[PDB]
Structures are given as structure tokens and as C-alpha cells.
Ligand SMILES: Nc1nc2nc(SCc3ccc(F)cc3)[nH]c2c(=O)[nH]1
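Consider the single chain below, provided in C-alpha cells and representing the form deposited without the ligand.
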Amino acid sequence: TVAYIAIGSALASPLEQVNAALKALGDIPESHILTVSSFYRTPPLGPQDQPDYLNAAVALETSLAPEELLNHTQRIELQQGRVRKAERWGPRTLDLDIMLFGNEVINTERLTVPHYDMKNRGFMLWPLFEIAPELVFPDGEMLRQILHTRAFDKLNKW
């Protein structure tokens, strides 16, 4: 099954963290990375003190169950998702979200797939479009269609 995973980092200098996360994703059991989008920059839409976010999308082939994949992405967030500076470990700055899991619809306490808000987010749609321009959602909606309708601005590369 092809799973599409969104990567977000809130770090001032996120490349190291994002690379560590990518390596960890590739090490997930019964899985391998198919492709990785470019890294995209998105400024904060509010308090401008916050660093730009780094966004990307990953296609992962997996034989794991969706909730098993979630266990792994959540583990990676716990293991690579925080950075120490000086005398303190920072809070979670890495976000790994399952956007799509094959052509499956999931609605459990732990998992909503397709991701509940991705259709509102250029920062999740554009990297996904780069790696899966012909993508069709489980309900028959098309990624191209959503981008065409909402006219979200393209993202600058990191």
C-alpha cells in the first residue's frame, strides 16, 4: 500500500531534523520510501516572530496496518521530534501526519484518513501534487481539482 506522509518542522534551522526524520521513515519495518518531495518554505500566518515552517511529502510503500504505521510515525516524533539547545530539551517541533493510506477511508479515535484538513492547506497539497499529480482521493475527488478550485498560491522551495 502507498501511504502519503506530510512532514512539517517548526525549527529555525530544520534541515538536520527533517533529514533525521526521513532516514527514520526509511527504516520503518515492512516499508520503504518511494519518493520525497522538495522542501518547501511557509511563513507563519500570525505572530511573525515564529520561524518559517519546512513542509514536505513522502510516498511510503508499506504492508503495515494504518494504525501500526501511526505507531511508527509517533515513535519517530518522540525520538527525533525534539531538539536540545543549551540546558533544555525543546518541545515537539516535528510533525508527521498521514495524509492518505492507499485508497482507504479511516475514522477511528486515533486516525482520520484522509487527513481532516489537508484540503484547506496549500502547504500539504502542493508538495503532494509535486509527487502525485494524478492522485485521486478515496471519494473520487482529485488533488488537481482541489488545487484548481482553491487557487492556493505555490510555495517557495526551502
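One rule holds for the numbers: they count along the sequence shown, beginning at 1.
Look at the mean CA B-factor for 126 to 134 and for 42 to 50 in the entry; the higher one is 42 to 50. As recorded in the PDB entry, 85 to 93 is the stretch of 29 to 37 and 85 to 93 with the greater mean C-alpha temperature factor. Based on the entry's C-alpha B-factors, the most elevated value among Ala12, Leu147, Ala24, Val18 belongs to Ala12. In the PDB entry, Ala151 places in the middle third of its chain by CA B-factor. Sort the chain's modelled residues by C-alpha temperature factor and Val58 lands in the lowest third, per the entry. Among the modelled residues of the chain, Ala65 sits in the highest third by CA temperature factor in this PDB entry. For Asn71, the recorded CA temperature factor ranks within the middle third of the chain's modelled residues. Sort the chain's modelled residues by C-alpha temperature factor and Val2 lands in the highest third, per the entry.
Although not depicted, the form solved in complex with the ligand is the subject of the following passage.
Contact check for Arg92: a non-hydrogen atom falls within 4.5 Å of the ligand in the deposited complex. Residue contact with the ligand in the deposited complex: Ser38 places no heavy atom within 4.5 Å of it. Using a 4.5 angstroms threshold between heavy atoms, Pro44 counts as touching the ligand in the deposited complex. Although the partner is absent here, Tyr53 lies within 4.5 Å of the ligand in the deposited complex, judged by heavy atoms. In plain terms, the part of the chain that comes close to the ligand in the deposited complex, with a heavy atom within 4.5 Å, is 115 to 123 out of 57 to 65, 128 to 136, 25 to 33, 115 to 123.
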